[PDB]
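Take a look at the structure below.
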Amino acid sequence: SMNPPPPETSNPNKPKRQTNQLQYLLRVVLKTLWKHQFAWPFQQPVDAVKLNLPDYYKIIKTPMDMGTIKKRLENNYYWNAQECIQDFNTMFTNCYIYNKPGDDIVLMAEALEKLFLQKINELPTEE
Ligand SMILES: Cc1ccc(Nc2nccc(-c3c(-c4ccc(F)cc4)ncn3C3CCNCC3)n2)cc1C
């Protein structure tokens, strides 16, 4: 099986805006997570072909990854910070759904998720 197309990261029909919360998500949250020692499996769409995971996109029907999230932020694709936060949550829950408790990739996701939650606890009030 081929990989599916990646999620949309640009739509010229969508209205755009900048908010201090979206700037924080890009400049602080995504930066902090990207540099984490466990980030690398999460920095791009899951390449099921390359990794020989025939069942990944049979099980995961709402794919998400931090590469996609970053592109969405850089493209001003998100209107609301909540959209971005949901995409992070989708990413982590996909990892948990595909794998099993205690799997190394799951422990890696948990660590990134704990860090994510800590950073979004510091999200500035909407300016
Ligand atoms: C030792 C090793 C070698 C290569 C990789 N690379 C890699 N890249 C993208 C995906 C996954 C992956 C995911 C996954 C990752 C992100 C996500 F959002 C949802 C699911 N869930 C499982 N996997 C692999 C399945 C085969 N065994 C390695 C993990 N692994 C990782 C590790 C630990």
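Ordering of the structure tokens sets the chain letters (A, B, ...), residue numbers begin anew at 1 in every chain, and ligands are numbered from 1 in the order given.
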Find the residues near ligand 1. Use a cut-off of 10 Å, count only C-alpha atoms and all ligand atoms, and write them as number ranges by chain.
A: 38-48, 50-53, 56, 60, 63-66, 88-100, 103-109
If we count only C-alpha atoms and set the cut-off at 8 Å, which residues sit around residue A:29, ignoring sequence neighbours fewer than 5 positions away in its own chain? Please answer as a list in words.
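Near residue A:29, the qualifying residues are residues 24, 116, 119 and 120 of chain A.
Using only C-alpha atoms, the nearest neighbour of residue A:21 within the list A:9, A:37, A:75, A:121 is A:121.
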Tell me, in Å to one decimal, how far atom CA of residue A:17 is from atom CA of residue A:31.
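Distance between the two atoms: 20.4 Å.
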If DSSP is run on the backbone, what residues of chain A are helix (DSSP H, G or I)? A reply as a PyMOL selection string would be ideal.
chain A and resi 20-34+40-42+56-59+66-74+81-98+104-121
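The interatomic distance for the pair atom CA of residue A:23 and atom CA of residue A:73 works out to 8.2 Å.
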Residues within 8 Å of stretch 78-82 of chain A, only C-alpha atoms, excluding chain neighbours under 4 positions, as a list in words:
residues 15, 16, 17, 18, 21, 22, 25, 72, 73 and 86 of chain A
Would you list the contacts of residue A:20 as a list in words, taking every protein, DNA or RNA residue within 8 Å and counting only C-alpha atoms, but skipping same-chain residues closer than 4 positions in sequence?
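Using only C-alpha atoms, the neighbours found are residues 24, 124, 126 and 127 of chain A.
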Put those residues in a file: N, CA, C and O atoms, as an mmCIF file, in the first residue's frame.
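Output (selection_25.cif):
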data_model
loop_
_atom_site.group_PDB
_atom_site.id
_atom_site.type_symbol
_atom_site.label_atom_id
_atom_site.label_comp_id
_atom_site.auth_asym_id
_atom_site.auth_seq_id
_atom_site.Cartn_x
_atom_site.Cartn_y
_atom_site.Cartn_z
ATOM 1 N N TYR A 24 2.817 31.813 20.265
ATOM 2 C CA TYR A 24 3.409 31.046 21.359
ATOM 3 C C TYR A 24 3.490 29.572 20.987
ATOM 4 O O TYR A 24 4.505 28.904 21.234
ATOM 5 N N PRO A 124 -0.175 32.044 26.923
ATOM 6 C CA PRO A 124 -0.630 33.378 27.354
ATOM 7 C C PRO A 124 -2.112 33.581 27.112
ATOM 8 O O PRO A 124 -2.667 33.001 26.183
ATOM 9 N N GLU A 126 -5.330 35.131 25.625
ATOM 10 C CA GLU A 126 -5.594 35.748 24.325
ATOM 11 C C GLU A 126 -5.458 37.257 24.458
ATOM 12 O O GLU A 126 -6.132 37.878 25.280
ATOM 13 N N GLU A 127 -4.573 37.836 23.656
ATOM 14 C CA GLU A 127 -4.307 39.269 23.728
ATOM 15 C C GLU A 127 -5.473 40.068 23.154
ATOM 16 O O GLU A 127 -5.912 39.835 22.029
#
Would you mind telling me which residue in A:112, A:30, A:1, A:118 lies nearest to residue A:74 when using only C-alpha atoms?
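The shortest atom-to-atom distance to residue A:74 comes from A:30.
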